[PDB]
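Take a look at the structure below.
Chain letters run A, B, ... following the sequence lines, proteins first and then strands; every chain starts at 1. All heavy atoms count here, side chains included; hydrogens, waters and symmetry mates do not.
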Amino acid sequence: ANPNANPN
Amino acid sequence: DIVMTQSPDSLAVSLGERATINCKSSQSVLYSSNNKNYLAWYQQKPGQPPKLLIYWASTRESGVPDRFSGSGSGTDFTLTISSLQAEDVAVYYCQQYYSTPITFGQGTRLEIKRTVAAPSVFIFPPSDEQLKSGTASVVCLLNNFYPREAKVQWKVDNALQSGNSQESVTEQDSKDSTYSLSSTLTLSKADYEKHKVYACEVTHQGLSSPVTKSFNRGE
Amino acid sequence: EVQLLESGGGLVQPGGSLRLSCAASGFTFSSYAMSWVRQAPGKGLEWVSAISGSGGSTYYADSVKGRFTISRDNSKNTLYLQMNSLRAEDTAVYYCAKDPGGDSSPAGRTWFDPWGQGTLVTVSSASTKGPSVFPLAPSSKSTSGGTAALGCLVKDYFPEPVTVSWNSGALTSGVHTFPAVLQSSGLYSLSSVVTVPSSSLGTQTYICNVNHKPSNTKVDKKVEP
């Protein structure tokens, strides 16, 4: 649900 | 680490006009998987913590007035403040959160431009209470002026002073957009008692010629 | 509402240690990564450290690695920053700041909302000293037409900050409390002034309330013409 995915 | 560079470092804009601040990242903060730009903007007023304005480069935080907007993509971003209001005087920061450590821009100081206002000038002799402890502080107040540039020149028996004063300037007022300034001349009691006429001469764009406020010690 | 409240800042000797605390309220504390971000006087923002919601992961800026330790007590809604081997360049306001969306990875890789009001950490060998307060009395040389200026000189104190009010908070219009200047002695000084109707001088009492909490110095100075 947290849209702040790690772009790595 | 990603370096964030804001342009300009400072600018002055009048109420009701549009202010634009740019922010560049040293590498792209656009994630291809979700097409999001990992960029935020903050506003920081004096004495206060930063306050979030914008995230994901263009999403306005709940409660932020819609005159604040963010745009841009990749490495090049912009904060625009439409219809500027007097309380918008602040330092604005961009920040990336694409990779760690997270990093901020250096800040852009937004000044409110207003009409020219000459300072009101006041001079205060040292208090008798301070004098009996051996030091004399003479204080000159320049109240509610714009623009910020101002020159204070202390004169003691008409000799211009240097190296024995210090100045302080307030943050721009969030309602009337003026500045105030204090200059303090510090003398030993012995030096203070050696002279008679203490004068503060003020030069400012709002004054058609320099203004002098003075007193005679011991009158 | 979500609120963060830092405490623990103060004056520290170089090489010394201090523990900062941040009390959180208004949300499920353990669901959110938390960070410390600092701001040296007059400078920008520098992230310091972060911790995951569970406390299982901690990260540090290179500038504090090996000297600072971040921790949290998820039974007390509190975040901590233990600072050892403090240096002059660690002088700053330290802010607690919350991940708005949850427990983003790595902890601290986020934007921040809200931030606390901050706690001031001063790293210096200079000794604590309370200020002397002297009146800036109104007179003809501070009276022009209908407005007079008066004030208080708050001289020779360390460390920052001092607070000044007028008439115990009742007088706020026209008050300017100037930023402190560091004198060549290593002590600060500032003035606080207010402009008032000159017709009021003969009958209205004016008192400046100076407070230097670092030295537990509280001074009220009546300012008379």
* Asked: Step by step, would you call C/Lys129 with C/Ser185 a side-chain contact (heavy atoms from CB on, under 4.5 Å)?
  -> CA-CA 12 Å; C/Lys129 184 194 174 288; C/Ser185 58; over 6 Å; no
Under a 3.5 Å distance rule, please check whether [X] uses its side chain to pair with a backbone N or O of [Y] as donor and acceptor.
X        : Y        : result
C/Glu46  : C/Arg38  : no
C/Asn209 : C/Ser168 : yes
C/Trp36  : C/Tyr80  : yes

Could you tell me whether the side chain of [Y] reaches within less than 4.5 Å of the side chain of [X], counting heavy atoms only?
X        : Y        : value
C/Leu11  : C/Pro214 : no
C/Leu81  : C/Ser49  : yes
C/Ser132 : C/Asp156 : no
C/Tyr94  : C/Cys22  : no

* By number, which residues in residues 67-75 of chain C have some heavy atom less than 4.5 Å away from chain A? ->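 Expected list: none.
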* Asked: Are the charged groups of C/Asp90 and C/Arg87 less than 4.0 angstrom apart, N to O?
  ->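 C/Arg87 and C/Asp90: not salt-bridged.
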May I have a table of the donor-acceptor pairs connecting chain C and chain A at distances under 3.5 Å?
from: C/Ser104; atom 1: OG; to: A/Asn2; atom 2: ND2; distance (Å): 3.1
from: C/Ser104; atom 1: OG; to: A/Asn4; atom 2: ND2; distance (Å): 3.1
from: C/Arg109; atom 1: O; to: A/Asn4; atom 2: ND2; distance (Å): 3.0
from: C/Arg109; atom 1: NH1; to: A/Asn4; atom 2: OD1; distance (Å): 2.8
from: C/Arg109; atom 1: NH2; to: A/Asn4; atom 2: O; distance (Å): 2.9
from: C/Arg109; atom 1: NH2; to: A/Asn4; atom 2: OD1; distance (Å): 3.3

